[PDB]
Structure formats: structure tokens, C-alpha cells
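Written below as C-alpha cells is the structure these notes are about.
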Amino acid sequence: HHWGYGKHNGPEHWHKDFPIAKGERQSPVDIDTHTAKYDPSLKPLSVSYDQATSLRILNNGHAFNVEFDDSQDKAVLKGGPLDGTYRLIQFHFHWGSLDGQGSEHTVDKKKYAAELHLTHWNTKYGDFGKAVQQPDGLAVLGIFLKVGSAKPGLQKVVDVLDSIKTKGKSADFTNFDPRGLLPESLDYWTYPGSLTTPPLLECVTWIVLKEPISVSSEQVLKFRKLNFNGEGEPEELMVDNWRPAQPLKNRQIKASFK
Ligand SMILES: NS(=O)(=O)c1nc2ccccc2s1
Ligand SMILES: [Zn+2]
């Protein structure tokens, strides 16, 4: 893999190594709020993070991942559009170089400053690597970030970023509670899609919350001090690590709310 978000290896190039990039259920997408139909058959989302066990935070060269112990049913997502039980494995964000861009999904073409992805795998497939090979293998909970008041529950994340500045660096990151990153409402849109980074597998049920969380300018500024590069290499700030909206094609976005 040599893909990224730079001037020569960005999303518009990914199809050359990952031809599924031009596939029929790629993500992210623009959510046209007027066209998304309310589906009264959709259940409330069940987010059960009470026993979530974070372990580590890693700069992987494209984002930072907060990783969870997913060796048993601790932090799970169920309900909503989902059949069965999906286990939290990691979360990460996508963000911009300025507050006017950064999200992957858009809402009536609005870009948010960032987007949080909580990634979960369907336990019926036994492990993450097998789940990503299935059309219903993953459920990603997407949450928009806007800049305003600080998010207190995010500060522990931002304060560790200086210790994982460059690609390949990790730090212990235990006892982090991802419930502190959720908005008040769990109203959502949902559609079938894909991973938004290579290999872009078409294995994701997307659940995108309508209500953004607010973070402070200072918090997002610290995201933007991370580096895509490794230690000692020329500094490339980790910014604009988002894939743009992809064609909706033959898909319906459903709303959980009127
Ligand atoms: N950015 S994301 O769609 O949340 C996501 N991307 C990837 C890439 C590989 C494996 C899992 C995921 S989950
Ligand atoms: Zn993501």
C-alpha cells in the first residue's frame, strides 16, 4: 500500500490499486435529507459501551485509532438496521485542514469539521478479518463534529496525541470511555456502503447520527498537529484525511426519525 491523501496518492488515485473504488456501494455519500425516507420499521439503536475496554492509541499514518479489546462481547452495537451483534474494535476520526471541511459524509452537501467513526464487526463471522469479507460484516457509527464548545470526553484523546505524532507510534490508552463522544440523540440515517479507506471493502452498514457533537477549535487544532509521515521524515501534517462523497447509485438512505 502507497495510497494516502497527498497531492499524488489521494482518493482520486485509489481505484488504480483498489478497483472496487468505483463499485456499486462505495462510501461516503452525500445524505440528501429530503430524499432519505423515514422508515418506521427501523428500531432504536442500541449502543452498549458500559464495559468497553480501550487498550492503545496508534498513529497508523492515515489517522489515529483508539483500539479496544474485542476478544469478548463487551462494547457492542445492535438494533437499528442491524441484525445481530456487532463488537467495537476501534474508533478514529477524519478531519480537515480548516473547519469548513473534514467530514466524509455530507448532509445536503454540508461538510462538517470532522467525523468520528466507531467501527464494529459482526460477531457471527468470528473475527474482523472474516467480517470484512461479508456484505453485512461491519457496522460503522458515524458522528459529525462541529467546532464550538469543547467536548470534555474528547480531551483525554487530544492530550495523548503529542505522544503519537508520527506514523507507527502508539501509546497505552486504557480506561477511555467512548460514551463521552456520543451526542444526545441517536437519531440516524442508514445505508449500505463501504470502508472509506483502502481496501474499500463493501462490507459496511453505515449508521450516521443526525446530531453532531461539538468540539473546540483548540481540540481540532491538536488533531492537525499530527503527522502522516514517520519520525525523522519530512513533516506532512495529518490533515484532510477524508474521502469525498461517492455516487449513491442504486441505494436508498433511510431515516430513523420523522
Ligand atoms: N473509515 S471507515 O470506513 O470507518 C473504515 N475503513 C476501513 C478500512 C479497513 C478496515 C476497516 C475499516 S473501517
Ligand atoms: Zn473512517
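Any read-out appearing in this document is the output of simple, stated calculations on the displayed coordinates, not a laboratory observation. Please note: Cβ atoms are built from the backbone with ideal geometry, for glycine as well, and neighbour counts cover all protein chains shown.
Magnitude of the charge dipole for region 95-232, about its Cα centre and with charges confined to Cβ atoms of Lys, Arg (+1) and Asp, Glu (-1), is about 260 debye. With the charge dipole of the chain set up from +1 on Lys and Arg Cβ and -1 on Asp and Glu Cβ about the Cα centre, the Cα lying farthest toward the positive end among the listed residues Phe93, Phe68, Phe223 is that of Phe93. Taking other C-beta atoms within 10 Å as the exposure proxy, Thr123, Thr174 rank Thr174, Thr123 from fewest upward.
Counting only Cβ charges, +1 for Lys and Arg and -1 for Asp and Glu, the dipole size of the chain around its Cα centre is about 480 debye. The order of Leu138, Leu195, going from fewest to most other C-beta atoms within 10 Å of their C-beta, is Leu195, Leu138.
Mean sequence separation of contacting Cα pairs (under 8 Å, at least six apart), scaled by the length of the chain, corresponds to a relative contact order of 26 percent.
With the gyration tensor restricted to C-alpha atoms of region 101-167, the semi-axes of the equivalent ellipsoid amount to 27, 19, 11 Å, longest first. Normalised size of region 162-212, defined as Cα radius of gyration per 2.2 N^0.38 Å with N residues, equals 1.57. Above 14 angstrom, tally the Cα pairs of region 205-258 and express them as a % of all pairs, no decimals. The calculated P(r) of region 205-258 puts 73 percent of pairs beyond 14 Å.
Arranged from fewest to most other beta-carbon atoms within 10 Å of their beta carbon, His13, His2, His62 become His2, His13, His62. Backbone N atoms of region 117-146 closer than 18 Å to the 7 Å Cα→Cβ label point of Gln72 belong to residues 123-124, 126-127. Put the Cα centre of region 189-214 next to the Cα centre of region 231-247 and the gap is 19 Å.
For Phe64, the amide hydrogen comes within under 5 Å of the amide hydrogens of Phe93, counting only partners 5 or more places away or on other chains and with H modelled in the peptide plane.
Eigen-decomposition of the gyration tensor built on the alpha-carbon atoms of region 67-189 gives equivalent ellipsoid semi-axes of 25, 20, 14 angstrom, largest listed first.
With 29 Å as the limit on Cα-Cα distance, the pairs of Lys7/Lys146; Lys7/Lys156; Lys74/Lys210; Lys43/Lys146 that go past it are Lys7/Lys156. The share of alpha-carbon pairs in the chain lying farther apart than 35 Å comes to 8%.
Annotation: amide H-H contacts under 5 Å for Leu45 (H modelled 1.01 Å from N, sequence separation of 5 or more, or interchain): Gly80.
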